[PDB]
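Heads up: the structure comes next, in structure tokens.
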There are 2 protein chains.
Amino acid sequence: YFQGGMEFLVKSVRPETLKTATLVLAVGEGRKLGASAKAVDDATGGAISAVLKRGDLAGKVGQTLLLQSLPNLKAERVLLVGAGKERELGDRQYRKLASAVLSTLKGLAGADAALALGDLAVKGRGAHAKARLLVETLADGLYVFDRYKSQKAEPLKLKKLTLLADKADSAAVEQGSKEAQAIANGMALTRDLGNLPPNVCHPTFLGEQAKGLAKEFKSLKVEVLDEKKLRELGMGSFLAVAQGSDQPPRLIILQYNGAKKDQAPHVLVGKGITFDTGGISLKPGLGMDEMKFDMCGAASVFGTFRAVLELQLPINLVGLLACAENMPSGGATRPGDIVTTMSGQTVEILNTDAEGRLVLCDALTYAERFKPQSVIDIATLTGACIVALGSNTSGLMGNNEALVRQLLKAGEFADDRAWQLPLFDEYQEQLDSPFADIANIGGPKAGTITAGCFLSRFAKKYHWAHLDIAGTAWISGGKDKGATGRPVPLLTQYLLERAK
Amino acid sequence: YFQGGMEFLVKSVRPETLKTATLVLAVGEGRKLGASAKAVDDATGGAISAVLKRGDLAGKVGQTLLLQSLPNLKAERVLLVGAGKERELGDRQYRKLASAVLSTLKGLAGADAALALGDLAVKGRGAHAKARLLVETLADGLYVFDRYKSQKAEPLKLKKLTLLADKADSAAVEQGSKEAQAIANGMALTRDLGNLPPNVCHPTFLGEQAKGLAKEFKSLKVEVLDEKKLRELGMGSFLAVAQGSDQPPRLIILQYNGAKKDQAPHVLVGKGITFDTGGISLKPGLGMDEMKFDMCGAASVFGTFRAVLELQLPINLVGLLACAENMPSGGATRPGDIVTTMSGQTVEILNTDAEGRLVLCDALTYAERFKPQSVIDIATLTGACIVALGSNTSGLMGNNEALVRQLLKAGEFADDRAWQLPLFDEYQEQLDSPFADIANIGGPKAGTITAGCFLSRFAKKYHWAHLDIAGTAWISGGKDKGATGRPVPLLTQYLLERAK
Ligand SMILES: [Cl-]
Ligand SMILES: [Cl-]
Ligand SMILES: [Cl-]
Ligand SMILES: [Cl-]
Ligand SMILES: [Cl-]
Ligand SMILES: [Cl-]
Ligand SMILES: [Cl-]
Ligand SMILES: [Cl-]
Ligand SMILES: [Cl-]
Ligand SMILES: [Cl-]
Ligand code: NA
Ligand code: NA
Ligand code: NA
Ligand code: NA
Ligand code: NA
Ligand code: NA
Ligand code: NA
Ligand code: NA
Ligand code: NA
Ligand code: NA
């Protein structure tokens, strides 16, 4: 169940007799009230119709009108929210409607609210799929990160949200709500870890977080490998990234065995660069505070595990979090260094700011021992991905078409979308080095793709895919600056489908 | 008395019978010789008039004509200096005249010179105020910094300067000269500390300098706090600046009790960043050698104390020098770090090159314990101040209008001027952070002001002002590159007035 201060219930009772602090109804733009709103209007003797006739609420998506006590209702307030003029909403409009409702309710002193929104239609979504989107939007919309504020906002009075559904849909709605709550809990852990400042959130801290998660979930086993063990394993490019920082690196291994021992596991590999200065290839100063989000890949592995552990899915899951801090220093890796990866391939490190792939490639080699049926790495890897796909769609590459399709489908269902980019063999020659087996960077052309090509050289032994979340893992500026928790919804949906 | 190799005397004798190696007289452009010059001309039987009639000296400000022995004079040489055609000189012209005189005298083998310049008028300045400007310009014009030159210039022969004044003005001239000499001595210490290279002038060195000043002045008490004590005090942003450098930080506390114990002290807070690389937010290489001047704020607190201690002013004075070195390293503060200042306010360090305010804010909190009647911080804080006000006028902000006015008036009298910039409440929102109580930088707009706004959040408990000397503390290039010693003249004049 959701942990962020909200209980979500599903009930099949009549809205017009439900006791609640706020009853929420949808109002169309220039079309008749839906069945639920009409039943409530009838119960009040036409009071809602009479208000709407006065014209303050045009009915555009997300517009609101709040009424107090109406005759013959047990609702203390009635919140009208506009649903536009279309027969069906798209996902974006449904989310906008839900967020407008939540924003209003947050500011009220009501301890609960009941959503009578079952008459809304959303393109391509039945009861379960609508509940997944609605509850995830509501629950994630409650997220707060204020532990470093001396002045904290007043706690919400709102503590309970009831979804009204016809009895024939209530089981699907309940299922969707339960899954959405687990996803939102995972997103909240991901966002917390992403938002923590890098002087607190370093690799050792992430190791202790993993141990704490195992304390909470007896089904989770955790092992944390330090720099001595990494050197024993021959993890040369991983160590090269870490060596310039005072902070020691960590390889965190999470294991959950929800299925029979004969089922091959799915492996999630997360880039956990807790801060990325670029190293000797130093980044510019402007906006470099957002490099604390360079561990959002690893954070999303935490969050996906958190959701899976709550749902107790019948799957075998492994998490590999490759965490290091990338700092300049008198002992840092230099451009031109050549290192031997755990696979034995030598890499010429042309640019020390292309370091995510250097911790990932050793983790991908490590993943071979699990004989996985799928391996997915998640990383804030290339600014080129933002040029290619922006901030709303993650880049996706892989060496197996069926797995890539499974991830695309999961992202569509989750409304946490990705988009495939090709790993054509012609791109690989961009990584040729006169000195070593591989150069760690290509040119300025096709940067997201050549990063995927680099990783692919370590993933040939299994079905593998790669999510570039450089654009989707956080919001850069404004009031809403901070980690997003993506791609936890995509990944959790992928695993939900693999668990059937 | 001035310590840089010059004795300054005031005498009321007739210039035309004074024994001296060089007698200095002013000559107007196209107006009759003044009273003193005319008396000397008469004594020579018209020899000076006869030379001037030949036309080599037009009389423009600072032009010179040097004569040898003239009939009936006891002066071995007579130096004529042009004073222009105006009835009164401005401060700039008076300084230019004085510097031209000094430049000539420096090149002569005369052991002394007598200045018969009492007939010069300077706008808004009586005898005391003219003597303040003249002697300070002369004494500071003798400054030399050559300890790293293997080949040193020949020592000056000039060792004594006599100011001739009418008996009715001689007491005021003597007072002005005494104060100007103390100010020039303080400026020389400030300039020395500013000009020292940063591999010599680090925080520990500045601590030893403070101890040495207490050895020289029994009225001064000094305490030097190291990093352990700073951590005990909770000085988190100060420590964050220092942590990347091998050089430990120092908080230097100077105390002078020249008044009764019931008089609240005045506190000077100086930024002593002995070198500023920018840290992880690294500066460009061009001109970064001038970042050794990033401790000129603290240096000016040294210099102001040096002048006050010589004058034995009846005031209670405290100096707080917050000194650290700002270096990149594997343990340096990272953009995005959040730290807790000694006040308890949390700060998100968006840019590690805005570090002066991070050592200053903890020092401003520390200053509360003295129950001060005024607190002035001095810092080379923002390049934006140079854009706003250039290299000749310091920026001034504060939370108390009377104190700001007192400092402006002192700067006008000293001809070491400042100019107020507003700390309107509307600017404060530029420092909002989604994560912490304060961000350490605003945007690119109003950078000098938002830095002052940041400091103001730590100064609410007392009357406070802030001098941005990024433009006035040093000269960037050319033959005269080096520290200026400003704002020691402004600060010392402020304290002279507070001592009445
Ligand atoms: Cl159904
Ligand atoms: Cl750990
Ligand atoms: Cl360790
Ligand atoms: Cl976009
Ligand atoms: Cl799916
Ligand atoms: Cl007088
Ligand atoms: Cl010291
Ligand atoms: Cl020390
Ligand atoms: Cl200027
Ligand atoms: Cl004054
Ligand atoms: Na619509
Ligand atoms: Na839509
Ligand atoms: Na990087
Ligand atoms: Na990175
Ligand atoms: Na290229
Ligand atoms: Na003139
Ligand atoms: Na002038
Ligand atoms: Na700086
Ligand atoms: Na500085
Ligand atoms: Na700005």
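Here the Cβ positions follow ideal geometry from the backbone for every residue, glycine too, while neighbour counts run over all protein chains shown. Each value in this text was obtained by applying a stated rule to the coordinates, not by laboratory testing.
Based on what the data block shows, is residue B:324 touching an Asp or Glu at 6+ places or on another chain (Cβ under 8 Å) and farther than 30 Å from residue B:260 by Cα? So residue B:324 fits the description; yes.
When A:60, A:53 are screened for being among the basic types (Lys, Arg), over 18 Å from residue A:114 (Cβ atoms) and more than 35 Å from the chain's Cα centre (by Cα), only A:53 passes.
Evaluate the following for residue B:448: is it of a type in the set (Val, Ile, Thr), away from ligand 8 (no atom under 16 Å from the Cβ) and part of a helix (DSSP H, G or I)? Judged against the criteria, residue B:448 is a match. Against the test of being in contact (Cβ under 8 Å) with a residue 24 or more places away in the chain, assigned to a helix (DSSP H, G or I) and either small (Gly, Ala, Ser) or within 16 Å of ligand 7 (Cβ to nearest atom) (or both), the options A:50, A:39, A:21, A:58 yield a single qualifying residue, A:39. For the range A:64-104, filtered to residues that are among the small types (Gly, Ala, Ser) and surrounded by fewer than 20 Cβ atoms within 10 Å (Cβ to Cβ), the residue that is farthest from ligand 11 (Cβ to nearest atom) is A:69. Taking the listed residues B:222, B:301, B:200, the one that is in a strand (DSSP E or B) and more than 16 Å from ligand 16 (Cβ to nearest atom) is B:222, with no other qualifying. For residue B:109, state whether it is under 22 Å from residue B:161 (Cα atoms), away from ligand 13 (no atom under 16 Å from the Cβ), of a type in the set (A, V, I, L, M, F, W, C) and in a loop (DSSP other than H, G, I, E, B). Considered against the rule, which asks whether it is under 22 Å from residue B:161 (Cα atoms), away from ligand 13 (no atom under 16 Å from the Cβ), of a type in the set (A, V, I, L, M, F, W, C) and in a loop (DSSP other than H, G, I, E, B), residue B:109 comes out as yes.
Take residue A:411 and decide whether it is within 18 Å of residue A:300 (Cβ to Cβ), buried (at least 24 other Cβ atoms within 10 Å of the Cβ) and within 18 Å of the chain's Cα centre (by Cα). Yes. Cβ separations smaller than 9 Å between residues 6+ apart or across chains give no pair from the range A:250-272 residues that are on the phi > 0 side of the Ramachandran plot to residues that are assigned to a strand (DSSP E or B) and of a type in the set (D, E, K, R).
Taking the stated definitions as given, is residue B:123 over 15 Å from residue B:25 (Cβ atoms), in contact (Cβ under 8 Å) with a residue 12 or more places away in the chain and surrounded by fewer than 16 Cβ atoms within 10 Å (Cβ to Cβ)? So residue B:123 passes the test. Among the residues making up the range B:336-347, those that are facing chain A (nearest Cβ under 7 Å) and buried (at least 21 other Cβ atoms within 10 Å of the Cβ) are B:336, B:337, B:338, B:346.
Let's see how each residue does on (1) in contact with a helix residue (DSSP H, G or I) (Cβ under 7 Å, 6 or more places away or on another chain); (2) in a strand (DSSP E or B):
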site	(1), (2)
B:136	yes, no
B:149	no, no
B:163	yes, yes
B:166	no, no
B:173	yes, no
B:176	yes, no
B:192	no, no
B:204	no, no
B:212	no, no
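Selection of the range B:475-500 for residues being over 22 Å from residue B:132 (Cα atoms) and not small (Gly, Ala, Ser) yields B:475, B:479, B:480, B:481. Within the range A:223-266, if we keep just the residues that are within 14 Å of chain B (Cβ to nearest Cβ) and of a type in the set (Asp, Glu), the residue that is farthest from ligand 3 (Cβ to nearest atom) turns out to be A:246.
In the range B:319-394, counting only strands (runs of 3 or more DSSP E) that sit wholly within it, the ones holding 3 or more residues that are more than 22 Å from the chain's Cα centre (by Cα) span B:337-340, B:346-349.
Here the range A:279-322 is the region considered, the condition is being in contact with a strand residue (DSSP E or B) (Cβ under 7 Å, 6 or more places away or on another chain) and farther than 20 Å from residue A:207 by Cα, and the residue that is nearest to the other protein chains (Cβ to nearest Cβ) is A:290.
Can you tell me which residue in the range B:432-449 is farthest from ligand 10 (Cβ to nearest atom), limited to those that are within 14 Å of chain A (Cβ to nearest Cβ) and among the aliphatic types (A, V, I, L, M)? Ranking the candidates gives B:436 first. Only residues that are of a type outside the set (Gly, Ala, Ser) and free of Cβ contacts under 8 Å to residues at least 24 places away in the same chain were counted across the range A:333-361, and they come to 0. Within the range B:212-220, the presence of a residue that is among the polar types (S, T, N, Q) and within 16 Å of ligand 8 (Cβ to nearest atom) is excluded. Of all residues in the range B:357-368, one or more are buried (at least 18 other Cβ atoms within 10 Å of the Cβ), more than 14 Å from chain A (Cβ to nearest Cβ) and of a type in the set (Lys, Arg). With respect to residue A:462, determine if the residue is more than 21 Å from residue A:383 (Cβ to Cβ) and in contact (Cβ under 8 Å) with a residue 24 or more places away in the chain. So residue A:462 fits the description; yes.
Taken over the range B:395-408, the criterion of being touching a residue at least 40 places away in the same chain (Cβ under 8 Å) and either over 18 Å from residue B:304 (Cα atoms) or assigned to a helix (DSSP H, G or I) (or both) is satisfied by B:395, B:397, B:398, B:399, B:400, B:402, B:403, B:404, B:406, B:407.
In this structure, does residue B:333 turn out to be within 10 Å of another protein chain (Cβ to nearest Cβ) and crowded, with 23+ Cβ neighbours inside 10 Å? Judged against the criteria, residue B:333 is a match.
Evaluated against (1) assigned to a loop (DSSP other than H, G, I, E, B); (2) without any contact (Cβ under 8 Å) to a residue 60 or more places away in the chain; (3) not charged (D, E, K, R), residue B:118 falls short on exactly one condition, (2). For the range A:102-140, the tally of residues that are within 24 Å of residue A:19 (Cα to Cα) and among the basic types (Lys, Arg) stands at 1. With respect to the conditions (1) in contact with a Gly (Cβ under 6 Å, 6 or more places away or on another chain); (2) away from chain A (no Cβ under 11 Å), residue B:387 falls short on a single one, namely (1).
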